[PDB]
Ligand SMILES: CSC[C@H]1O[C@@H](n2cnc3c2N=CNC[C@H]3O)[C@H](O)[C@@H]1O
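Only one chain is shown below, in structure tokens, and it's the form deposited without this ligand.
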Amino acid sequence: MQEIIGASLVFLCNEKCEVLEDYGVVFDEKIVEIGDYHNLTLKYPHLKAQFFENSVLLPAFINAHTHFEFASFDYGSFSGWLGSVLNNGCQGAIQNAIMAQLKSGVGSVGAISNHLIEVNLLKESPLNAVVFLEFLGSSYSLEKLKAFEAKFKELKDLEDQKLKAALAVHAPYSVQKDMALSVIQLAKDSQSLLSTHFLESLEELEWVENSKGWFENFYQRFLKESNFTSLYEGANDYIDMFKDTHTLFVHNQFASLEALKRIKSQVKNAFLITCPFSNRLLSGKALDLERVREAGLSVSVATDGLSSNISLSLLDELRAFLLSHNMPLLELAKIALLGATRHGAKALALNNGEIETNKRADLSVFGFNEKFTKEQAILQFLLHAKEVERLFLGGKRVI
């Protein structure tokens, strides 16, 4: 059926980043019409209508990078964290970790999975899911190459209207060149998305550029292989593999302006994803947001996983995103809201993240105790938003 909802502040989440006051929207499975809440209640008098005063009505968030496979690990260094994850060499937390996204207002997630453990629970959840099956392998092996293209077939046999199948190549230090050319080709063949970790550390930059640094000893101590040279001969050699695709580039805190200009000019449809908290614990260098826009790209904000973070609430990761950059606060607060909405749905190629006609009815309502001023609404929301009062996904009431 059809129903009307309106709040004292409505965040359209357009590229203009428009906030409207006392507006309402009518929706079924999709968003049909927008306008003033009172004028809408006269136009459609018989539709059920609810208004929320001193509340914010916005799109449901999109978390494009989150691993549900997970103290333990070491923070303060990337080498120390990777060493501590490999010195290590789940079903119940997964059913409660989805609940941490719904209550935070997240309606769509781009989850990276290695063994397809959480995909079954993501299907009964109301969440919009884009599972990237991640490929890990620094030695060529035709045997595992077909054991990975057979696990993807199990993913494509589980697709719905809520779960889309995608594929991921881990990092330039973990995947051999001819094993990624096959993964990338299968994504073109299956017409699915690509996610990848790119220049996340200073040690990976030293490794990819000049075959030096902490990675001389990585393949010997941890992988039982005898390799002492980089799998790729420079940063551009890794990028050109993703030419003419829809590739999600995560982190990129150590990619130079020439490197991101190359990503934009060559990948054609590249989407940079950033996770503020995980960069602090690991590499320690935050993403230069000016360099991002000096190259012509935009960022989405993601929680990453509890592999290198303390809370997977997208709102708490937004505040840490605000504290991590010296940009003018009120402009950067718009980069966060759009990086958690429209920019995250365009990276995942979904039909939500914006209050627009014919878009998915993925709506969040957040209740407060005051009415923020229109000039401050976007920033006051990010500081005080913690839980969600109402969450509508596909026009169905979930929370």
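In case it trips you up, residue 1 is the first one in the sequence shown, and so on.
Going from residue 89 to residue 90, the model skips 4 to 9 deposited residues, which lack coordinates. Unmodelled stretch separating residue 70 from residue 71: 4 to 9 residues (count of deposited-sequence residues without coordinates). A summary of the deposited B-factors shows that, of 117 to 125 and 250 to 258, the stretch with the larger mean C-alpha value is 117 to 125.
Mean CA B-factor, 21 to 29 versus 377 to 385: the higher value falls on 21 to 29.
Comparing the C-alpha B-factors of 342, 334, 359, 46 in the entry, the top value falls on 46. The top Cα temperature factor in the record, among 305, 284, 172, 213, falls on 305. Sorting the modelled residues of the chain by their CA temperature factor places residue 76 in the lowest third. Per-chain ranking of the deposited C-alpha B factor places residue 34 in the highest third.
Per the deposited record, the Cα B-factor of residue 242 falls in the middle third when ranked against the other modelled residues of its chain.
Per-chain ranking of the deposited C-alpha B factor places residue 196 in the highest third. Placement of the Cα temperature factor of residue 190 within the chain: middle third of the modelled residues, per the deposited record.
Just so you know, the form deposited with this ligand bound exists too; it's not on screen, but the next bit is about it.
Placing this ligand by C-alpha superposition of the site, using its position in the entry with it bound, leaves the pocket open: no ligand atom lies within 2.4 Å of backbone or C-beta atoms here. Out of the listed residues 79, 256, 114, 182, 114 is the one that sits within 4.5 Å of this ligand in the entry with it bound by at least one heavy atom. Screening 170, 262, 319, 162 for any heavy atom within 4.5 Å of this ligand in the entry with it bound leaves a single hit, 170.
Annotated contact segment (heavy atom within 4.5 Å of this ligand in the entry with it bound): 196 to 204, selected among 262 to 270, 101 to 109, 226 to 234, 196 to 204. The candidate site formed by 85, 136 and 307 is fully in contact with this ligand in the entry with it bound, as each residue has a non-hydrogen atom within 4.5 angstroms of it. Among residues of the shown chain, residue 70 is one whose heavy atoms approach this ligand to within 4.5 Å in the entry with it bound.
Although the partner is absent from this view, residue 282 contacts this ligand in the entry with it bound, with a non-hydrogen atom inside 4.5 angstroms.
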